[PDB]
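Reviewing the structure listed below.
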Amino acid sequence: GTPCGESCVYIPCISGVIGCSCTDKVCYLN
């Protein structure tokens, strides 16, 4: 729900491993 300030537009989310799921090219923390 809370954007992790990370996006998978060009490269995959690195911080996303903490739970951040890429929603519409932008990783959100549930």
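Structure method, as recorded: solution NMR.
Just so you know, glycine gets a Cβ as well, placed from its N, Cα and C.
Annotated disulfide bond per Swiss-Prot: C4-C20, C8-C22, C13-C27, in sequence order.
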- C-alpha spacing of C8 (disulfide bond) relative to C27 (disulfide bond), in angstrom: 7
- Note on the structure: Whole-Å Cα distance, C13 (disulfide bond) to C22 (disulfide bond), is 7
- So how many other Cβ atoms are close to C13 (disulfide bond), meaning within 10 Å of its Cβ? 18
- Can you tell me how far the Cα of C20 (disulfide bond) sits from the Cα of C8 (disulfide bond), in Å? 11
- Note on the structure: Row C4 (disulfide bond), column other C-beta within 10 angstroms, all chains, value 19
- Note on the structure: Cβ neighbour count (10 Å, all chains) around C20 (disulfide bond) is 21
- Message: I want to verify one value. Collapsing DSSP to three states, which class is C22 (disulfide bond)?
- Response: strand
- Message: Using a 10 Å radius around each Cβ and all protein chains in view, which of these disulfide-bonded residues has the most neighbours: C8, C27?
- Response: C27
- Query: If one looks at the chain holding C22 (disulfide bond), which residues at least 6 apart in sequence have a CB under 8 angstroms from its CB?
  - Reply: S7, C8, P12, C13, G16, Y28
